[PDB]
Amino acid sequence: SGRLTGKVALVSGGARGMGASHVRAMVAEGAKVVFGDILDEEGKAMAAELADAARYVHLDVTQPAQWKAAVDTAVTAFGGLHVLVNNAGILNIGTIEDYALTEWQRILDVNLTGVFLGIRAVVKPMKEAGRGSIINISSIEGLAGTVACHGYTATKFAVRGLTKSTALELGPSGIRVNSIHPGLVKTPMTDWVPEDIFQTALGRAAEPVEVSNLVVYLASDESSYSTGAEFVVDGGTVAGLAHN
């Protein structure tokens, strides 16, 4: 408790799923949170329960003008911005032949370009404060491949890399950038996926808050000497070899 007191955060895709969980988890730790999404109804609903500790803003991560407005909201409403959780994302699938180029561009736009636009938007106020933490949501798909999951895999691997280059550049400014790589988590993005799809050591899928606990750690000053690194939260899947 109070581990994020004094900190202001911006969470992309915070209307439902893990994003919503991160928003609630950080507020519970004393942070003021601005969260954006395209699901206005849902966003305005939780904005009501959170009250003065949060602010919902419509934010299409592929739109730089919208990122700017979301950032202006945080600075003005809460006095500044110290944390960015690039959580917004989508999932599409298809074989090398059946996957539509439009689906490919679309996922590149949201999962990759959107993360980059988030970073470009938050660097000024973060650099002014002298201390910031950027948390990019990748996945274990950003560590290994999956059949018929080319666009998703390509972008999650891309985010993994963007984390490293930006961490290196922003380090001197007092800004840390790390990537989170989870296994299967219970959210609307995977409710159609069997919960034991991956071979985990823990024998179960993850609850969103289990990833939020990691978001809180990386957002806090507790992880002050960690940057440009991959934090895996997958129940052990990537720790072992794929066995039949």
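Note that residue numbering follows the sequence shown and begins at 1.
**Q.** Between the two ranges 117-125 and 155-163, the one averaging a larger CA B factor in the entry
**A.** It is 117-125.
Q. If you average the Cα B factors in the entry, which is higher, 191-199 or 211-219?
A. Higher mean C-alpha B-factor in the PDB entry: 191-199.
Q: Kindly indicate the residue among 88, 135, 143, 75 with the greatest C-alpha B-factor in the PDB record.
A: Largest recorded C-alpha B-factor: 75.
Q: Could you tell me which third, lowest, middle or highest, the C-alpha B-factor of residue 97 occupies within its chain?
A: CA B-factor rank for residue 97: highest third.
Q: Taking the chain's C-alpha temperature factors as the reference, tell me which third residue 205 falls into: lowest, middle or highest.
A: For residue 205, whose C-alpha B-factor we compare with every modelled residue in the chain, the answer is the middle third.
Q. Based on the entry's values, in what third of the chain does the Cα temperature factor of residue 4 lie: lowest, middle or highest?
A. Its C-alpha B-factor belongs to the highest third of this chain's values.
(Q) Going by the CA temperature factor in the PDB record, which third of the chain does residue 178 belong to: lowest, middle or highest? (A) Lowest third.
Q: Report the third (lowest, middle or highest) to which the CA temperature factor of residue 25 belongs, ranking only the modelled residues of the same chain.
A: CA B-factor rank for residue 25: highest third.
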